[PDB]
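The structure appears right after this line, and notes come after that.
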Amino acid sequence: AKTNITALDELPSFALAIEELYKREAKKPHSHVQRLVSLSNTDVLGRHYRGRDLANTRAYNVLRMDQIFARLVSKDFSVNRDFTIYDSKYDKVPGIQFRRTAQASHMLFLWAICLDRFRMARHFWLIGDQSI
Amino acid sequence: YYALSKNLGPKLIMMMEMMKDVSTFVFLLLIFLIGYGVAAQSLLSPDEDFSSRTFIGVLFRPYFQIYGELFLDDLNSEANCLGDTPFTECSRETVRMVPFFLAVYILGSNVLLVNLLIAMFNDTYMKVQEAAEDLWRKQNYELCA
Amino acid sequence: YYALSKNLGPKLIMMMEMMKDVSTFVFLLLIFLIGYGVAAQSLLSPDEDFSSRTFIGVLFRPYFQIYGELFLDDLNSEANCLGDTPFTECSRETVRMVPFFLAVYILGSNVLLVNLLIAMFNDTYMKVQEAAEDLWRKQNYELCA
Amino acid sequence: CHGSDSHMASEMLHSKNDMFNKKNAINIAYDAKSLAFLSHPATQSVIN
Amino acid sequence: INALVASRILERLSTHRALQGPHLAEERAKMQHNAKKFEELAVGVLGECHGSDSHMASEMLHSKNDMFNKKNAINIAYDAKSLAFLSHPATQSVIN
Amino acid sequence: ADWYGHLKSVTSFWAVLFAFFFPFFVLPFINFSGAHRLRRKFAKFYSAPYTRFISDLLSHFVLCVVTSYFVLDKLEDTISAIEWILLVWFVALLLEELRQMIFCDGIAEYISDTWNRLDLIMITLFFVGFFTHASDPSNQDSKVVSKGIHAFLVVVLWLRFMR
Amino acid sequence: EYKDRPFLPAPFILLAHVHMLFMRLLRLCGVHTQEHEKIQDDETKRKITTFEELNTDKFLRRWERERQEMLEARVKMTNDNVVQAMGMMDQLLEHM
Amino acid sequence: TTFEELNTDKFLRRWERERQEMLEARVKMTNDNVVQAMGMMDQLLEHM
Ligand SMILES: CC(C)CCC[C@@H](C)[C@H]1CC[C@H]2[C@@H]3CC=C4C[C@@H](O)CC[C@]4(C)[C@H]3CC[C@]12C
Ligand SMILES: CC(C)CCC[C@@H](C)[C@H]1CC[C@H]2[C@@H]3CC=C4C[C@@H](O)CC[C@]4(C)[C@H]3CC[C@]12C
Ligand SMILES: CC(C)CCC[C@@H](C)[C@H]1CC[C@H]2[C@@H]3CC=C4C[C@@H](O)CC[C@]4(C)[C@H]3CC[C@]12C
Ligand SMILES: CC(C)CCC[C@@H](C)[C@H]1CC[C@H]2[C@@H]3CC=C4C[C@@H](O)CC[C@]4(C)[C@H]3CC[C@]12C
Ligand SMILES: CC(C)CCC[C@@H](C)[C@H]1CC[C@H]2[C@@H]3CC=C4C[C@@H](O)CC[C@]4(C)[C@H]3CC[C@]12C
Ligand SMILES: [Mg+2]
Ligand SMILES: [Mg+2]
Ligand SMILES: [Mg+2]
C-alpha cells in the first residue's frame, strides 16, 4: 500500500521483496530477527527515537535493518543508498549494471548475514564488490 | 617503549598473562601463610594481648620465609630457648613445635606451590605464545596510530 | 676445548643461545631493580645529599635480594627501629613501608620473572636443540680445519 | 592481493571507503577486532 | 658442487640490493625455497654415494675441483653455508 | 541451572554477595525468574543452592577470623564470651556433621570425602583444646597447652576454607 | 550437597536443626503434618520418551553417515566397488 | 576496485583448486566416479 513517507515510497520492488523474506522468517516461532527488531528501539526509518499500524506493518524495511546493522558494526557505519539509479533514465551510463548488481547483492548479503546462512552469504559476497 | 622490540614486547604481553597464575599462587599461598602465621605467632608469644604487633608478626616472617630467608636464629631468640641445640631447653614445651609447623609450611610453600607455579608458567607459556605474537602485532598498529 | 665432546659442545652452543633470554630477563629486571632501589634508598635515608654512596645503595641490596639473600636485619638496623618486632617503633612512619615495597619487589622478581625465565629457557631449549646439534657438526669441521 | 602486487595492495589498504565515514581498511579491521587480519604480513608491512 | 653453487647464488641473491622492491617479495621467497630444495638435492646425491661405496664417496669429497682454486667439496659447502650438507653422516665421517 | 535455582545465569559473585548483605536494597532492582511479590522474591533468592554456598563460605570465613583472633589474644582466668560463642558454633557444626551422616548414601560415602575428614579433625581438635582449658581455667600451664592444641585447629580451619 | 543443606549459617543453624527435629517429631509421633509433592503427567513423559527415541535414531543415523565419510571407510568401500566392477567385467568378457 | 575483484576471483579459484587436491576430496570424487562407472557397466551388461 501507498505511504505518506517520501523515503519509503522511493524504494524499489526488490527492497519490498527482501522485506517479505524478513517477514516470512520472522513469523516462525522463537525467531531472533523479531526479537532483534523489538529490542532495537527504533522508528519506521530506523532512527533511535522509540503511526502504530505503519510501525508494525512495515517493521522489517531495509533502511531500519541497515540502521540496526549500523549500530551493530561500529559507531560510524553509514551505508549510502542511491535507489534513483534503478530508473530507466540511467540506462545509458556504462558501469551502472555493476553498481545496481553490487548494491542489490550487498543488501541481500546483509540479510543472509542476519539469518546466519553462510553459503548464501558467500555467494552474494562473491557477486558484489568491496569483498575484504 | 619495550613493545617496539621484537623480543621484549611479546615478553611484556606474556608477563601480563602470567599475572593470573601469580594471583592463583597468591590465593593458594594465602591459606598456608595465614594458618601458619596465626599458629606460629600464638605459639611464640602466648598470654599476650592482641595488638597491631601481633598482626605484623602474623604477616612478616611467614611471607619472607618462602624466599629462603629463614628467621630460625630470630625465632630461636624469641622462643627463649637457652640450649646449645636450638629448640631445646625452653621454658614452655609448646614452643618446641614451631620448627615442625615451619617444616610443614615451607614444604607446602616452596616444595609444593612454587614448583606447581613453574608447571603453570610452562603450560601457560606454550598455550599463549602465538596469541602474544598476534597481540603484539595488534599493539604495533595501536602504537603506530 | 669442551666442543670436541658430544655432551658439552652442544650444551655450550645452547648456553650462547640462552644468553639472549638472560639479556631479556636483565632488561625486564632493570625496571623493578631501579624503581625499588631509588624508592627504598630514599625511604631508608631521607634528608641526605646525593653522593656515590646513594648510587651504590640503589644498586647493591636490590640486585642481591633476588637471589634469596634478604638484608632485613641490615635494613632494620639502617631504619633506626628499636622495637622487638622489626619495622615497628621507628622515628619516622614512612620507613615502615620498606618491607612492603620489598614485598612487592621480590614478588615481581623471584615469583614472576625467574619462573618466566624458566619457561623461556624450556621453550628455547626445545626450539633450538636440533639447530645446536647441526651447529656443533659445523664447528667440528671448523676446529678440524 | 599481496601476492599479485604488494604496492597496489598497500594502496588498497590505504584507500578511504565512504561506508565508514572516510577512513581506511586497517581501521575497519581493528574496529571489527579481527586479530588474524592485523597479524597478516601484508597488513604489518603497511603498518611498518 | 652445482647444487651447492645453486643454493649459494639463490641465498645471496635473495638478500642482495637488486632484489629489494615491492614486486620482488614472492620472487625472493621462491629463491629461498629453491635454495633449500637444491641443498636437499646435494644431501640426497651425497647420501646415495655413501650408500653405494663410502670410501669412493670419501675420495669424491676429498677431490680438488678446478672451479674453486683447487680445494675440496666440504670447503665449498662451508663457504656456501650449507648446514644440512655439513650435518650429514657421510660428511661427518670424512671430517672425523 | 540447578546451582542458580530460580535466578538468572548472568549473576556474578559480587552481585549475589551484595544482595546477601543488602536484602531490602538490592533484591527489588534485580530482574529474574506487595507481600505477594516481596515474599516470593525472598523465597526464590534464598532457596537457591548458590546463596546457601555463599552463606556457608562467609560463615566459615568469620569462623576462621574469630577463632584466629581467639587463639592470638590471651586467655582469661575464666571462660570468655568468645569461647562460649565458638562452643555453640562447633556443637552446631557437629550436629550438621551428624545430619549429613544420617541422610547420605552411607558412612562410606561420607568418609570418602576429604572435607568431611577435615571437619571431624576440626571438631575433635577444638573440643580437646576447650576441655583442656576448661578443666582448670586459672591454670597458666592449661592455657599454654590449650593454645598449643588450638594451633593445629587454626591450620586445619584455614585448610578447610580451600573447599 | 548444597541443595539439601539448610539455608541458615553455622552460629544460627541450630534453629534450623531444632526446626527439622520438631518437624520429625510432629511426623513420627503426632502424624499431624501432611506432605505434598508433584507427579509428572503421562503426556509429558511420552513426549520426553518420543523425543529421546527420535534423537537416538538421529545420532545413530548421523554416526553412520559420519563413519562413512572417514578416509579409511571410503578407501575400503571404493576398493570393494572396484573388485565387484572387475567381476562384472569378467562377465562382460565372457559375453564378448 | 578492479584489482580487488580480480584477486577475489583468483583466491576463490585457487582455494577451490587447493581443496580439490586434498586427500579426502580426491578419495570422495574417485569413489563417486567408480559408482557412476558401475551404473554405466549395468547399462553395458543390459546391452549385451
Ligand atoms: C599471599 C601473600 C602474597 C600475602 C601478602 C603479604 C603482605 C600482605 C604482607 C607481607 C609482609 C607484610 C609487611 C611486613 C612488615 C610491615 C611493617 C609494619 O610496620 C607495617 C606493615 C608491613 C609493611 C607489612 C605489610 C603487609 C605485608 C607486605
Ligand atoms: C601433622 C600430623 C599428622 C603430624 C603429627 C606430628 C606432631 C603431632 C608431633 C611431631 C613432633 C612432635 C613434638 C616433638 C617434641 C616434643 C618435645 C616433648 O617434650 C613434648 C612434645 C613435643 C613438643 C612434640 C609434640 C608433638 C609433635 C609436634
Ligand atoms: C624427608 C623430610 C621430609 C624429613 C622430614 C623432617 C622432619 C621429620 C623433621 C625436620 C625438622 C624436625 C624438627 C626440628 C626441631 C625440633 C625441635 C625439637 O625440640 C623437637 C623436634 C622438632 C620439632 C623436629 C621434629 C622433626 C622435624 C620436623
Ligand atoms: C600498591 C597498592 C595498590 C597497595 C596499597 C597498600 C599500601 C598503600 C599500604 C600497605 C601497608 C601500609 C602501611 C602499613 C603500616 C603503616 C603504619 C602506620 O602507622 C602509618 C602508615 C603505614 C606506613 C602504612 C602506609 C600504607 C601502606 C604502605
Ligand atoms: C590431628 C592433628 C592435625 C593434630 C595432632 C595432635 C596435637 C593437637 C597434639 C598431639 C600431641 C600433643 C602434645 C603432647 C604433649 C605436649 C607436652 C605438654 O607439656 C605441652 C603440650 C604438648 C606439646 C601437646 C600439644 C598438642 C599435641 C601436639
Ligand atoms: Mg565481486
Ligand atoms: Mg636462600
Ligand atoms: Mg561436611
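Indexing begins at 1, ligand by ligand and atom by atom, following the structure's order. So you know, we letter chains A, B, ... as the sequences are listed, proteins then strands, and number each from 1.
Protein heavy atom at the shortest distance from atom 8 (C) of ligand 2 is F:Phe152 CZ, 4.2 Å. Looking only at protein heavy atoms, the nearest one to atom 21 (C) of ligand 1 is B:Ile56 CG1, 4.5 Å. From the protein, the heavy atom lying nearest to atom 5 (C) of ligand 2 is B:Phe100 CZ, 4.1 Å.
Using a 4.0 Å threshold on non-hydrogen atoms, atom 11 (C) of ligand 1 counts as touching the protein. There is a protein heavy atom less than 4.0 angstrom from atom 1 (C) of ligand 1. At least one protein heavy atom sits closer than 4.0 Å to atom 28 (C) of ligand 1. Inside a 4.0 Å radius of atom 23 (C) of ligand 2 there is at least one protein heavy atom. Within a 4.0 Å radius of atom 15 (C) of ligand 1, the protein contributes at least one heavy atom.
By the 4.0 Å N-to-carboxylate-O rule, H:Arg13 lies too far from H:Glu16 to be salt-bridged with it. Ion pairing of B:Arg61 with B:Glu78 is present here, as a side-chain N (NZ or NE/NH1/NH2) and a carboxylate O approach within less than 4.0 Å.
Taking the six-membered ring for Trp and thresholds of 30 and 60 degrees, F:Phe70 and F:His150 have ring planes inclined between 30 and 60 degrees apart. The aromatic rings of F:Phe161 and F:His60 sit parallel to each other, their planes meeting at less than 30°, with 60° as the upper class boundary.
Close approach of ligand 1 to B:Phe60 (heavy-atom distance below 4.0 Å) involves ligand atoms 14 (C), 15 (C). Within the listing of ligand 2, atoms 17 (C), 18 (C), 19 (O), 20 (C), 23 (C) sit less than 4.0 angstrom from a heavy atom of B:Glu93. Counting the atoms of ligand 1 from 1 in the order shown, those under 4.0 Å from a heavy atom of C:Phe87 are 17 (C), 18 (C), 19 (O). Taking every non-hydrogen atom of C:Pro99 and a distance limit under 4.0 Å, the qualifying atoms of ligand 1 come out as 15 (C), 16 (C), 17 (C), 23 (C). Counting atoms of ligand 1 from 1 in the listed order, those under 4.0 Å from a heavy atom of C:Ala103 are 28 (C).
With distances taken over non-hydrogen atoms, the option nearest atom 4 (C) of ligand 1 out of C:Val95, B:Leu33, C:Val111, B:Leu28 is B:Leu33. The closest heavy-atom contact to atom 26 (C) of ligand 1, among the options B:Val26, B:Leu59, B:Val22, comes from B:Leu59. Distances from atom 6 (C) of ligand 1 to the heavy atoms of B:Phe55, B:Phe32, B:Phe64, B:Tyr63 show the closest one on B:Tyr63. Nearest-residue assignment for atom 17 (C) of ligand 1 (options C:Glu89, C:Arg96, C:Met97; heavy-atom criterion): C:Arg96.
The distance from the Mg ion (ligand 6) to the nearest N/O/S atom of A:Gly128 is under 2.8 Å. In summary, an N, O or S atom of A:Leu126 is located under 2.8 Å from the Mg ion (ligand 6).
Side-chain contact annotation: F:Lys147 with B:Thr94, donor-acceptor N/O pair under 3.5 Å absent. Judged by distance alone, the side chains of A:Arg117 and A:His123 never bring a donor and an acceptor atom under 3.5 Å apart. Side-chain contact annotation: F:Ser142 with F:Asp136, donor-acceptor N/O pair under 3.5 Å absent.
Of all the N, O or S atoms in H:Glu5, the one closest to the Mg ion (ligand 6) is OE1.
Taking the six-membered ring wherever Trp is involved, the centroid distance between the rings of C:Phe60 and C:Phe64 falls below 6.0 Å. Ring to ring, C:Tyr63 and C:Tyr67 are close: their centroids are under 6.0 angstrom apart. Between A:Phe69 and A:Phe77, the gap from one ring centroid to the other reaches at least 6.0 Å.
Counting only heavy atoms from C-beta outward, the side chains of D:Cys1 and D:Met8 never approach each other to under 4.5 Å.
No more than 12 heavy-atom neighbours from other residues, nucleotides or ligands sit within 6.0 angstrom of CE on A:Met120.
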